[PDB]
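Visitor: as a preliminary step, the opening chains of the complex are given here in situ:
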Amino acid sequence: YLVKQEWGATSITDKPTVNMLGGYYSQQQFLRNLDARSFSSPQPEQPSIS
């Protein structure tokens, strides 16, 4: 009766959709998909934008 009651809510999330990323998707592809690889040849390994 004296201890404060604690109710818990649980959520689980995953990676976002391409559509909901908005113009950021295009603004990162302009920066990586063409600029870095073609004009620097860095040959890196990078994850997806999402």
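Guide: Arrived safely. Numbering: from 1, shown residues only, chains lettered A, B, ... in the order given.
Visitor: check what contacts the top helix by length along chain A and list those residues.
Guide: Longest helix in chain A, counting residues (DSSP state H): helix A:24-29. Under the criterion C-beta atoms under 8 Å, 6 or more residues apart in numbering, residues A:18, A:49, A:50 lie in contact with helix A:24-29. Using the backbone N, CA and C atoms, a C-beta is placed for each residue, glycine as well.
Visitor: hang on, isn't the last one packed against residue A:18?
Guide: Yes - the pair formed by residue A:50 and residue A:18 meets the contact definition of C-beta atoms under 8 Å, at 6.3 Å.
Visitor: ok, back up a step: selection in ChimeraX covering whichever of the contacts of helix A:24-29 are buried, please.
Guide: Here is the ChimeraX selection string for the buried members of those, based on 16 or more other C-beta atoms under 10 Å:
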select /A:49
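Visitor: ok, residue A:24 to residue A:18 distance?
Guide: As for residue A:24, its distance to residue A:18 is 10 Å (criterion: C-beta to C-beta, to the nearest Å).
Visitor: can you add chain B next? sequence is:
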Amino acid sequence: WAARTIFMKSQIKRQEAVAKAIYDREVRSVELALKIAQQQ
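Guide: The block that follows adds chain B to the chains above:
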């Protein structure tokens, strides 16, 4: 698809800008060479 069409629109605009710059440079050089050749 929307991202892709935006990307191609940007690429096309860039290509038109490059072509316009080249054409302007060439036409300026050609007119100036015309004036010089007319002098001689």
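Visitor: could you re-examine the contacts of helix A:24-29 with chain B now present?
Guide: Outside helix A:24-29, the residues that touch it by C-beta atoms under 8 Å, 6 or more residues apart in numbering or on different chains are A:18, A:49, A:50, B:3, B:6, B:7.
Visitor: for those residues, which one is nearest residue A:35?
Guide: The closest of the contacts of helix A:24-29 to residue A:35 turns out to be residue B:7 (C-beta to C-beta; 12.0 Å).
Visitor: quick one: residues contacting the closest one.
Guide: Residue B:7 sits in contact with A:26, A:29, A:30, A:33, where contact means C-beta under 8 Å, 6+ apart.
Visitor: get me the contact residues on chain A for chain B.
Guide: A:18, A:19, A:23, A:25, A:26, A:29, A:30, A:33 (C-beta under 8 Å from any C-beta of the partner chain).
Visitor: please enumerate the helices of chain A.
Guide: A:24-29, A:37-40.
Visitor: reformat these as TSV; add mean neighbour count.
Guide: Output for those, formatted as TSV (neighbours: other C-beta atoms under 10 Å in any protein chain shown):
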stretch	mean neighbour count
helix A:24-29	16
helix A:37-40	9
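Visitor: minimum distance to residue B:34: which of the ones you listed has it?
Guide: It's helix A:37-40; of those, that one is closest to residue B:34 (C-beta to C-beta) at 37.4 Å.
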